Peer 1: 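Pasting a structure here, questions to come.
Every chain is numbered from 1, with letters handed out A, B, ... down the list of sequences.
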Amino acid sequence: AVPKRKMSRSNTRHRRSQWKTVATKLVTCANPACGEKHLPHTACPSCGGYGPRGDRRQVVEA
Amino acid sequence: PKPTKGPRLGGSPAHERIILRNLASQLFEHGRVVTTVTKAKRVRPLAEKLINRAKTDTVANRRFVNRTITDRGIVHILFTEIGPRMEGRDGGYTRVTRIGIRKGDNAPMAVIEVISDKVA
Amino acid sequence: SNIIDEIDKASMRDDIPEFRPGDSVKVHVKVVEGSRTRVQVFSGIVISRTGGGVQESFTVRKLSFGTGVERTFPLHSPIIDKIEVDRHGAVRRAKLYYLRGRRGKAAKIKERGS
Amino acid sequence: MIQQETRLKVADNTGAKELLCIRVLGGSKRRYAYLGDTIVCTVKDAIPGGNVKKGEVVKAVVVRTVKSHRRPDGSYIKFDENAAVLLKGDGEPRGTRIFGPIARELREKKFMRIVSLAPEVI
Amino acid sequence: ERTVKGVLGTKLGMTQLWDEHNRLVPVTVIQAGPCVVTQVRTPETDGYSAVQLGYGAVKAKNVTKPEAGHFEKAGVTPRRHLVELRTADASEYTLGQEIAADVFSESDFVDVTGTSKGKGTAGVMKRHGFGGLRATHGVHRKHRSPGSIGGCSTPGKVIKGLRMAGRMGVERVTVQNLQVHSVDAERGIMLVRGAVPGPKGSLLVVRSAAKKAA
RNA sequence: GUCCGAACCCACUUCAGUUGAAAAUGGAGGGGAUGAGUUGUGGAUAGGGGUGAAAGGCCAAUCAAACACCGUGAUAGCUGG
RNA sequence: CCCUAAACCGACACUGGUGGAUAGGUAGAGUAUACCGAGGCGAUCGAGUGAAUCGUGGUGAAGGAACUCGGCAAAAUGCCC
RNA sequence: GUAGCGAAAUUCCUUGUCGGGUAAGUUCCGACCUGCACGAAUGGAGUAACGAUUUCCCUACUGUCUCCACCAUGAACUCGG
RNA sequence: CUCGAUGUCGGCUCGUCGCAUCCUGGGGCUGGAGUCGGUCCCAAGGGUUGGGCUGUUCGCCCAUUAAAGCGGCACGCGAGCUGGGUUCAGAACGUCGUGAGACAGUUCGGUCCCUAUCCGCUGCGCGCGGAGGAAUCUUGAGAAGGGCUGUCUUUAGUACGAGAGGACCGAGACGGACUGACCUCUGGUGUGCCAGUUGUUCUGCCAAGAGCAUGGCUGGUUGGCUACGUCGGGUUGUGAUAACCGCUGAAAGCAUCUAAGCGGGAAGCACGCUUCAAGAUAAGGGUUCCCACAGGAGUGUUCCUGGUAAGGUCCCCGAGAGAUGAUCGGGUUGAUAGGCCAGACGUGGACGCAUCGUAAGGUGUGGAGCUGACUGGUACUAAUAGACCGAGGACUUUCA
Ligand SMILES: CON(C)Cc1ccc(O)c2c1C[C@H]1C[C@H]3[C@H](N(C)C)C(O)=C(C(N)=O)C(=O)[C@@]3(O)C(O)=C1C2=O
Ligand SMILES: [Mg+2]
Ligand SMILES: [Mg+2]
Ligand SMILES: [Mg+2]
Ligand SMILES: [Mg+2]
Ligand SMILES: [Mg+2]
Ligand SMILES: [Mg+2]
Ligand SMILES: [Mg+2]
Ligand SMILES: [Mg+2]
Ligand SMILES: [Mg+2]
Ligand SMILES: [Mg+2]
Ligand SMILES: [Mg+2]
Ligand SMILES: [Mg+2]
Ligand SMILES: [Mg+2]
Ligand SMILES: [Mg+2]
Ligand SMILES: [Mg+2]
Ligand SMILES: [Mg+2]
Ligand SMILES: [Mg+2]
Ligand SMILES: [Mg+2]
Ligand SMILES: [Mg+2]
Ligand SMILES: [Mg+2]
Ligand SMILES: [Mg+2]
Ligand SMILES: [Mg+2]
Ligand SMILES: [Mg+2]
Ligand SMILES: [Mg+2]
Ligand SMILES: [Mg+2]
Ligand SMILES: [Mg+2]
Ligand SMILES: [Mg+2]
Ligand SMILES: [Mg+2]
Ligand SMILES: [Mg+2]
Ligand SMILES: [Mg+2]
Ligand SMILES: [Mg+2]
Ligand SMILES: [Mg+2]
Ligand SMILES: [Mg+2]
Ligand SMILES: [Mg+2]
Ligand SMILES: [Mg+2]
Ligand SMILES: [Mg+2]
Ligand SMILES: [Mg+2]
Ligand SMILES: [Mg+2]
Ligand SMILES: [Mg+2]
Ligand SMILES: [Mg+2]
Ligand SMILES: [Mg+2]
Ligand SMILES: [Mg+2]
Ligand SMILES: [Mg+2]
Ligand SMILES: [Mg+2]
Ligand SMILES: [Mg+2]
Ligand SMILES: [Mg+2]
Ligand SMILES: [Mg+2]
Ligand SMILES: [Mg+2]
Ligand SMILES: [Mg+2]
Ligand SMILES: [Mg+2]
Ligand SMILES: [Mg+2]
Ligand SMILES: [Mg+2]
Ligand SMILES: [Mg+2]
Ligand SMILES: [Mg+2]
Ligand SMILES: [Mg+2]
Ligand SMILES: [Mg+2]
Ligand SMILES: [Mg+2]
Ligand SMILES: [Mg+2]
Ligand SMILES: [Mg+2]
Ligand SMILES: [Mg+2]
Ligand SMILES: [Mg+2]
Ligand SMILES: [Mg+2]
Ligand SMILES: [Mg+2]
Ligand SMILES: [Mg+2]
Ligand SMILES: [Mg+2]
Ligand SMILES: [Mg+2]
Ligand SMILES: [Mg+2]
Ligand SMILES: [Mg+2]
Ligand SMILES: [Mg+2]
Ligand SMILES: [Mg+2]
Ligand SMILES: [Mg+2]
Ligand SMILES: [Mg+2]
Ligand SMILES: [Mg+2]
Ligand SMILES: [Mg+2]
Ligand SMILES: [Mg+2]
Ligand SMILES: [Zn+2]
């Protein structure tokens with residue numbers, strides 16, 4: 001099949017506006033010495049650590 | 001252990017078997033490995049089965065582990081270092097932690113690593 | 001769950017002899033004949049045991065009048081008066097489906113401890 | 001299960017050796033015949049000395065199916081060849097003898113003569 | 001308008017029994033557990049007669065304040081599920097009353113209602129029994145096609161209600177006239193002769209047979 | 001100008017492709033496979049002509065008369081503007 | 001320097017076409033096929049996910065051409081003595 | 001219009017008629033001749049062997065079908081380019 | 001009307017509609033002993049088979065069936081399939097033509113593309129609204145599905161009939177087809193599990209194994225999915241009616257089913273059964289929870305910002321869910337998944353050792369070893385840590 005007619009501006013924009021992305025949320029690193037933003041349930045790219053303030057564990061050597 | 005339900009890694013179940021076995025071998029070789037989320041979570045059960053089998057050291061057990069792995073050096077590592085490291089552990093010999101994503105293809109990446117500290 | 005199993009224990013029986021596929025077995029099956037009832041003996045070779053609790057069942061193959069007849073009995077069925085073991089076979093398979101296409105000397109089973 | 005074009009052997013001594021199911025009696029659109037079901041057959045092969053000729057349309061009752069048969073007590077019965085027994089149009093055998101084992105489902109108040117002539121009712 | 005007895009339970013699975021005629025009967029095992037009357041609906045206040053039953057084990061940290069207040073007014077401990085039973089004898093039910101599987105006897109016919117197992121997006125050949133096309137004889141990439149879906153310039157449209165592919169399963173299904181085989185109330189177990197909708201662990205509503213029996 | 005069968009040459013059936021991987025192919029089979037075989041290099045035949053185990057086939061990816069340029073801004077009671 | 005090609009002929013870094021030489025081991029009659037050697041590659045977007053559906057393979061109770069224009073496709077058969 | 005052949009790759013009527021095959025055969029095969037409109041090197045009638053030719057039948061064999069189910073995969077589907 | 005293209009036969013698939021009804025339901029008249037019929041009134045709810053021949057429609061035939069209805073929808077349906085027929089180029093036969101060629105004569109062969117924009121339709125979400133914000137359970141305006149039928153037994157050899165023959169109205173049992181759910185049973189599957197085995201390469205070798213050859217090929221096979229499987233379903237009924245049968249009864253001193261009125265009367269109509277359903281913007285109802293925040297402008301406060309309550313989402317572990325969204329469960333106060341331990345299922349006797357045999361191998365130790373989904377335990381691993389959204393006494397009017 002082929003598009004019979006050129007789609008109107010209103011309809012084209014109605015469909016196109018739904019092509020979008022949500023913002024990445026980010027969470028503050030539990031390490032007091034780092035305090036950076038990292039993905040939830042993900043090792044902090046700055047400190048390379050994971051876990052709560054108390055039981056922190058190194059994950060990435062960075 | 002349990003099969004993978006969905007489509008297999010590497011475009012073929014035989015290749016998935018090869019991938020999982022090599023990935024477990026590399027995990028045992030290096031202690032830790034960054035291997036994306038799905039591969040790590042699929043290799044975890046096999047790796048823990050192998051570690052549990054290696055927790056008790058007999059010639060028959062070493063041959064059974066060598067059925068997998070197939071690198072006797074890695075078999076020696078598993079039966080000498082990893083095995084005795086888990087004398088008191090009742091399972092859970094490995095852990096997986098997410099790292100981020102790959103820029104090239106947005107693969108969610110994670111590191112799977114054998115437990116290092118002694119339970120006692 | 002184990003609730004299913006404890007319910008099954010009410011239906012399971014206890015007087016079942018121990019046997020394997022490959023063993024010669026006479027099953028004393030109760031047959032209803034209108035007002036009458038009878039015990040008819042089905043003698044044959046156990047070719048399969050599909051296990052599991054009260055669902056356990058076993059298949060017996062008989063050669064009668066040049067034709068093979070296979071009967072599948074639930075191991076805990078109340079229609080079975082009793083089970084007799086004649087020979088203990090020496091087989092290598094859990095399911096003796098290959099005996100379907102064998103007759104004569106090629107269809108006979110070695111005895112246990114031979 | 002016996003459907004149209006299924007070829008069966010004969011447990012009678014009428015001389016017919018092989019039948020071809022032309023129809024399964026018991027209702028429209030009915031697919032299969034089981035132990036004790038009546039079928040319309042044609043005689044594909046017959047003994048030269050006999051009272052039935054090849055190409056004759058007859059009625060038979062199915063005995064000795066190969067597939068399986070369940071019974072209300074949860075047991076199953078299975079044979080190694082699809083057989084049938086010809087009838088005289090009133091529920092009675094055409095032949096005077098029955099060959100091989102016969103299913104118990106024939107003794108559901110219906111085929112008393114066949115069950116009586118049966119060498120073995122399993 | 002009809003008086004219905006009812007109880008809530010969980011599908012534990014199936015097994016098999018032998019009845020007194022030595023017949024093998026498939027039985028579904030329903031943990032027809034204790035249900036409590038959380039709320040009674042009357043024509044004066046609600047406009048119809050029905051009884052709301054509870055049933056279910058719930059964690060104290062997973063029950064919210066509105067639910068906790070509802071159960072506190074009912075005077076009972078919180079339950080996971082809440083299902084109503086449209087009965088014309090709702091009045092005879094008092095708030096917080098105890099209901100157990102022994103509400104059904106050894107040979108009552110019942111109707112069992114549950115949500116069927118899901119199948120995802122199913123094809124026409126599966127969710128409607130469509131006969132597709134042949135496997136050979138030139139069939140061109142349409143072996144499981146739905147065939148035609150209408151006529152021509154008249155009506156130049158697809159009629160409403162035509163059966164096509166879609167998501168099948170996970171829906172309210174009631175299976176009727178199942179004869180209860182046995183009830184053991186001291187542990188809340190019901191053996192019902194038949195197969196009931198839903199996966200193991202689903203919630204089931206066991207009501208008196210609407211059509212009484214066969 | 002035997003038989004079976006790879007290479008090689010072919011193109012019978014089927015499926016896929018059919019804005020293709022490909023302006024004719026791919027997968028699975030299939031015919032010939034010491035012969036009227038197949039193939040490399042160079043050469044010869046040219047447009048009312050060539051060549052053709054002959055289908056009007058082929059003659060530089062559309063041949064009941066190639067292509068290019070010229071007569072030429074051919075002509076068209078026809079269609080469009 | 002490429003050269004049974006990503007460098008030539010195909011508009012492409014194109015599942016096509018392209019003449020000759022060398023061409024080991026085991027199973028095998030074999031230059032078929034399977035796994036290997038000398039040697040060379042991992043293929044030029046990926047990561048996931050049990051949807052329908054299409055393509056490509058696999059298996060199947062009982063029946064066995066009732067399919068269909070037609071046994072189309074598939075299955076069976078298959079080698080040596 | 002002879003030999004021979006004929007409802008034929010030719011027969012309109014036509015599913016001619018009879019016979020065989022099938023439970024049922026507008027096709028088939030053997031006959032009849034009433035050859036619309038056979039016929040003797042545009043050869044007549046036959047013919048072992050040969051045929052990816054056309055047609056009919058038997059057997060074996062099977063997802064062709066009764067009646068589909070399930071498995072794995074390249075697309076489809078979600079995310080990044 | 002369409003030639004700057006409206007693709008032309010039959011089958012397949014999917015239906016939908018009409019009734020001029022094939023079956024099943026009801027009723028009159030019969031040239032209606034019974035049994036059956038044949039007429040033509042009602043009636044479209046459901047059902048209306050599989051094959052042989054032919055490209056066929058048609059038609060004939062075989063075997064059934066309660067019956068094998070007739071028609072419309074571009075002689076329904078080729079951006080759904082089929083290409084056998086038709087209607088291209090090849091060739092042959094007959095006939096016609098001097099010939100090139102022709103033939104609603106025949107014969108063999110013969111390319112058929114499309115990634116869906118709009119409406120339509122099957123599903124599934126996001127948003128906003130439902131005059132505060134929420135959580136749960138609901139009513140049903142309205143919508144959809146479902147509606148088939150046989151045989152036998154009994155009434156009863158009763159009624160009827162000269163006999164032979166053989167009922168109505170009821171009662172019971174067992175089926176076919178269709179269909180919903182489902183996996184206990186049976187069957188199938190099986191890229192997991194166990195086992196055997198061929199060729200070959202490898203782990204130095206023995207021993208024990210690994211890779212590849214379709215999972216190399218075979219024998220099995222739990223879970224899941226499924227039908228060929230097992231459970232259930234159609235109904236028992238209610239109301240108003242069709243044809244029709246009536247009651248009372250005039251106009252018309254009688255009569256008349258009708259003019260006043262009342263009653264019977266079908267699988268059809270509407271309910272009964274099942275399912276969806278308040279976007280039913282008419283946005284419903286019950287029960288429960290949270291609460292009169294803060295700061296600005298302001299012009300009756302208005303309205304815009306900001307932090308919250310009840311509550312919810314994101315994220316993570318999952319499956320009873322699933323294309324993706326969604327749905328449901330769990331998230332340390334925790335059994336959600338994996339692992340671990342035990343069991344069951346499955347396979348069928350591991351390695352090692354002993355012993356027997358020249359050897360291939362046999363026996364024992366030992367229902368061994370291995371082992372997924374199923375079951376029960378167990379925090380060993382990961383469900384860290386955190387963010388974000390979300391009312392304000394909630395517009396106005398009148399009542400009480
Ligand atoms: C059996 O009747 N059916 C319905 C017809 C038909 C059926 C199958 C086919 O395969 C073809 C045809 C028509 C012809 C038309 C031819 C024509 N030409 C010969 C003049 C033409 O004009 C063109 C063109 N390029 O325009 C073509 O295509 C053409 O050559 C060709 O190939 C054709 C086919 O393929
Ligand atoms: Mg729009
Ligand atoms: Mg699976
Ligand atoms: Mg991929
Ligand atoms: Mg492989
Ligand atoms: Mg077992
Ligand atoms: Mg099909
Ligand atoms: Mg195909
Ligand atoms: Mg329109
Ligand atoms: Mg030759
Ligand atoms: Mg070449
Ligand atoms: Mg060709
Ligand atoms: Mg094609
Ligand atoms: Mg040859
Ligand atoms: Mg030259
Ligand atoms: Mg020509
Ligand atoms: Mg050319
Ligand atoms: Mg010219
Ligand atoms: Mg001039
Ligand atoms: Mg001009
Ligand atoms: Mg014009
Ligand atoms: Mg090279
Ligand atoms: Mg190339
Ligand atoms: Mg190039
Ligand atoms: Mg050799
Ligand atoms: Mg090779
Ligand atoms: Mg090398
Ligand atoms: Mg190279
Ligand atoms: Mg490239
Ligand atoms: Mg997916
Ligand atoms: Mg196959
Ligand atoms: Mg199998
Ligand atoms: Mg089969
Ligand atoms: Mg078979
Ligand atoms: Mg056969
Ligand atoms: Mg046919
Ligand atoms: Mg047909
Ligand atoms: Mg073929
Ligand atoms: Mg083959
Ligand atoms: Mg003829
Ligand atoms: Mg003719
Ligand atoms: Mg004839
Ligand atoms: Mg002459
Ligand atoms: Mg001449
Ligand atoms: Mg001539
Ligand atoms: Mg000649
Ligand atoms: Mg000749
Ligand atoms: Mg000849
Ligand atoms: Mg040829
Ligand atoms: Mg045949
Ligand atoms: Mg893909
Ligand atoms: Mg993309
Ligand atoms: Mg146009
Ligand atoms: Mg009418
Ligand atoms: Mg109809
Ligand atoms: Mg209607
Ligand atoms: Mg006709
Ligand atoms: Mg119609
Ligand atoms: Mg048409
Ligand atoms: Mg169309
Ligand atoms: Mg054609
Ligand atoms: Mg055509
Ligand atoms: Mg001739
Ligand atoms: Mg002439
Ligand atoms: Mg043709
Ligand atoms: Mg499409
Ligand atoms: Mg309603
Ligand atoms: Mg509406
Ligand atoms: Mg099970
Ligand atoms: Mg099985
Ligand atoms: Mg290798
Ligand atoms: Mg093979
Ligand atoms: Mg299973
Ligand atoms: Mg009167
Ligand atoms: Mg009157
Ligand atoms: Mg041993
Ligand atoms: Zn940090």
Side-chain angles (χ1 to χ4, degrees), chain A residues 1 3-4 7 25 27 30 40-41 50-52, chain B residues 1-3 5-7 13 38 44-45 48 60 63 66-67 70 89-92 94-96 104-107, chain C residues 1-2 51-52 55 93-95, chain D residues 1 3-6 22-23 26-31 40 42 57 66-68 70 74 76, chain E residues 14-16 24 26 39 41 45-48 52 61 64-67 69-70 82 84 116 118 120-123 131 133 135-142 144-149 151-154 157-159 162 164-167 172-178 194-195 197 199-202 210-211:
Chain A
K4 182 97 174 165
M7 182 159 318
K25 274 318 178 182
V27 66
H41 299 96
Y50 191 81
Chain B
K2 197 214 271 163
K5 180 153 114 167
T38 78
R44 184 179 67 189
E48 293 179 353
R63 283 164 174 189
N66 198 26
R67 282 192 197 180
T70 70
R89 287 242 171 217
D90 297 319
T94 70
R95 62 155 60 96
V96 191
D105 57 17
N106 193 108
Chain C
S1 169
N2 282 321
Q55 285 75 234
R93 297 291 184 269
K95 308 285 199 292
Chain D
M1 320 192 306
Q3 62 186 108
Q4 181 193 321
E5 310 281 314
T6 296
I22 286 169
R23 246 306 94 63
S28 169
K29 182 69 175 177
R30 200 196 176 122
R31 277 146 208 91
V40 180
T42 187
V57 178
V66 185
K67 169 85 179 78
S68 282
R70 193 175 194 270
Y76 293 80
Chain E
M14 281 196 255
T15 179
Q16 67 195 15
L24 186 74
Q39 171 162 19
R41 316 270 220 195
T45 44
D46 291 331
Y48 66 106
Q52 164 166 119
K61 66 182 181 180
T64 58
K65 286 186 82 74
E67 304 170 332
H70 188 57
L82 288 177
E84 277 178 359
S116 50
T121 293
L133 302 186
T136 51
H137 291 291
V139 172
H140 188 47
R141 294 187 313 248
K142 291 286 168 104
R144 305 179 72 82
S145 46
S148 191
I149 65 172
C152 205
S153 275
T154 290
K157 76 180 184 171
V158 174
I159 63 156
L162 179 88
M164 325 195 295
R167 257 167 71 169
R172 195 155 190 281
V173 171
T174 297
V175 183
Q176 309 168 291
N177 288 336
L178 281 72
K200 291 195 268 187
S202 296
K211 288 184 254 207

Peer 1: In Watson-Crick or G-U wobble terms, both distances under 3.5 Å, what is the partner of G:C3?
Peer 2: none
Peer 1: Could you let me know what I:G318 is paired to, Watson-Crick or G-U wobble, both distances under 3.5 Å, or none if it's on its own?
Peer 2: I:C328
Peer 1: Out of I:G232, I:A181, I:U13, which has the shortest distance to the side chain of E:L133?
Peer 2: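 From the listed options, I:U13 comes nearest.
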Peer 1: My understanding is that only residues two or more places apart in sequence, or in another chain, count here; which of them pass side-chain contact (heavy atoms from CB on, under 4.5 Å) with E:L82?
Peer 2: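 For E:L82 the side-chain contact (heavy atoms from CB on, under 4.5 Å) partners, ignoring immediate neighbours, are E:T38, E:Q52, E:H70, E:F71.
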Peer 1: What nucleic acid atoms does C:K95 come within less than 4.0 Å of, heavy atoms only: base, sugar-phosphate, or nothing?
Peer 2: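 Sugar-phosphate, backbone atoms only, no base.
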Peer 1: Provide the Watson-Crick or G-U wobble partner of I:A227, both distances under 3.5 Å; none if there is no partner.
Peer 2: I:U186
Peer 1: Has A:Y50 got its ring stacked on I:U384, by the test of a centre gap below 5.5 Å and a plane angle below 30°?
Peer 2: yes
Peer 1: Is D:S28 side chain donor-acceptor paired with the I:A68 base, going by distance under 3.5 Å alone?
Peer 2: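 Present.
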Peer 1: Check salt bridge (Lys or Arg N to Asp or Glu O under 4.0 Å) between D:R30 and all other residues, then give those that pass, not counting sequence neighbours.
Peer 2: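 Expected list: D:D37.
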Peer 1: It should be established whether E:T121 places a side-chain nitrogen or oxygen under 4.0 Å from OP1 or OP2 of nucleotide I:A323.
Peer 2: yes
Peer 1: Choosing from I:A181, G:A62, H:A23, which nucleotide comes nearest the side chain of D:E5?
Peer 2: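 So the nucleotide nearest the side chain must be H:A23.
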Peer 1: Identify, with sequence neighbours excluded, every residue that meets side-chain contact (heavy atoms from CB on, under 4.5 Å) alongside E:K65.
Peer 2: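 Partners of E:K65 by the side-chain contact (heavy atoms from CB on, under 4.5 Å) criterion come out as none, since no residue qualifies.
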Peer 1: Which nucleotides of nucleotides 132-143 of chain I have their base under 4.0 Å from a protein heavy atom (B), which only their sugar-phosphate (S), and which neither (-), written as one string 5' to 3'?
Peer 2: ---BSBSSS---
Peer 1: Which nucleotide in the list G:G63, I:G372, F:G17 gets nearest to the side chain of E:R141?
Peer 2: F:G17
Peer 1: Taking atom types as they are modelled, is there a donor-acceptor pair under 3.5 Å from the base of I:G322 to the side chain of B:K5?
Peer 2: yes
Peer 1: Which residues pass the side-chain hydrogen bond (donor to acceptor under 3.5 Å, both in side chains) test with E:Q39, sequence neighbours left out?
Peer 2: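 Only E:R41 meet the side-chain hydrogen bond (donor to acceptor under 3.5 Å, both in side chains) criterion with E:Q39.
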Peer 1: What nucleotide among I:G180, I:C185, I:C77 has an atom nearest to a side-chain atom of D:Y76?
Peer 2: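 Closest of the options to the side chain of D:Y76: I:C185.
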Peer 1: Go through the structure and list residues passing salt bridge (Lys or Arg N to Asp or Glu O under 4.0 Å) with B:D105, not counting sequence neighbours.
Peer 2: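 Scan of B:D105 (salt bridge (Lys or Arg N to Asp or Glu O under 4.0 Å), adjacent residues dropped) gives B:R102.
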Peer 1: So which protein N/O to nucleotides 201-208 of chain I N/O distances come out below 3.5 Å?
Peer 2:
unit_1 : atom_1 : unit_2 : atom_2 : d
I:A207 : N3     : B:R63  : NH2    : 3.4

Peer 1: Glycosidic conformation of I:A20, syn or anti, with 90° from 0 as the boundary?
Peer 2: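 I:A20: syn glycosidic orientation.
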Peer 1: Taking the sign of the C1'-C2'-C3'-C4' torsion, positive for north and negative for south, which way does the sugar of I:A162 pucker?
Peer 2: north
Peer 1: Run the salt bridge (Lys or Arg N to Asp or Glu O under 4.0 Å) test against D:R23 and tell me which residues pass, sequence neighbours left out.
Peer 2: none
Peer 1: Can you identify which nucleotide, out of I:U117, I:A385, I:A326, has its nearest atom closest to the A:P52 side chain?
Peer 2: I:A385
Peer 1: So, OP1 or OP2 of I:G175: does either fall under 4.0 Å of a side-chain N or O from D:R30?
Peer 2: no
Peer 1: Does E:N177 have a side-chain nitrogen or oxygen under 4.0 Å from the phosphate oxygens OP1 or OP2 of I:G232?
Peer 2: no
Peer 1: Once you look at the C1'-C2'-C3'-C4' sign, would you call I:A131 north or south?
Peer 2: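 South pucker for I:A131.
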Peer 1: Test for a donor-acceptor pair under 3.5 Å between the base of G:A65 and the side chain of D:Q4, counting only N and O atoms.
Peer 2: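 Donor-acceptor pair under 3.5 Å: no.
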Peer 1: Where the side chain of E:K65 is defined as all heavy atoms beyond and including C-beta, which of I:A321, I:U274, I:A310 is the nearest nucleotide?
Peer 2: I:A310
Peer 1: Suppose we screen for side-chain hydrogen bond (donor to acceptor under 3.5 Å, both in side chains). Which residues come up paired with E:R167, at least two apart in sequence or across chains?
Peer 2: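 None.
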Peer 1: Could you work out which one of I:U186, H:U66, I:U184 sits closest to the side chain of D:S68?
Peer 2: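 Per side-chain heavy atoms of D:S68, the pick is I:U186.
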Peer 1: If you look at every strand shown and take non-hydrogen atoms under 4.0 Å, does E:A195 touch a base, only sugar-phosphate, or nothing?
Peer 2: sugar-phosphate
Peer 1: Would one find a side-chain N or O of E:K61 under 4.0 angstrom from OP1 or OP2 of I:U332?
Peer 2: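 The answer is yes; a side-chain N or O of E:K61 sits under 4.0 Å from OP1 or OP2.
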Peer 1: Please name all residues satisfying side-chain contact (heavy atoms from CB on, under 4.5 Å) with D:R70, sequence neighbours left out, ordered by chain then number.
Peer 2: D:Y76, E:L24
Peer 1: Please measure how far the P atom in I:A159 lies from the corresponding atom in I:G239, and state the result in whole Å.
Peer 2: 37 Å
Peer 1: Should I:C174 and I:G150 count as paired, given that a pair must be Watson-Crick or G-U wobble and both distances must be under 3.5 Å?
Peer 2: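 So I:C174 is base-paired to I:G150.
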Peer 1: Between protein and nucleotides 73-81 of chain H, map the contacts as a letter string: B base, S sugar-phosphate only, - none, heavy atoms under 4.0 Å, written 5' to 3'.
Peer 2: SS----SB-
Peer 1: Looking only at N and O atoms, is any donor in the side chain of C:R93 or the base of I:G346 less than 3.5 Å from an acceptor on the other one?
Peer 2: no
Peer 1: Residues in side-chain contact (heavy atoms from CB on, under 4.5 Å) with D:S28, at least two apart?
Peer 2: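 Counting only residues at least two positions away or on another chain, D:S28 forms no side-chain contact (heavy atoms from CB on, under 4.5 Å).
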Peer 1: Can you tell me if the side-chain N/O atoms of E:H140 get under 4.0 Å from OP1 or OP2 in F:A16?
Peer 2: yes
Peer 1: So for E:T136 and G:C72, does any side-chain atom that can act as donor or acceptor lie under 3.5 Å from a complementary atom in the base?
Peer 2: yes
Peer 1: Between G:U53 and E:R144, is there an OP1 or OP2 to side-chain N/O distance shorter than 4.0 Å?
Peer 2: yes
Peer 1: Look at the side chain of D:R70 and decide which nucleotide, out of I:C231, I:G80, I:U381, has an atom nearest to it.
Peer 2: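 Of the options given, the side chain of D:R70 lies nearest I:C231.
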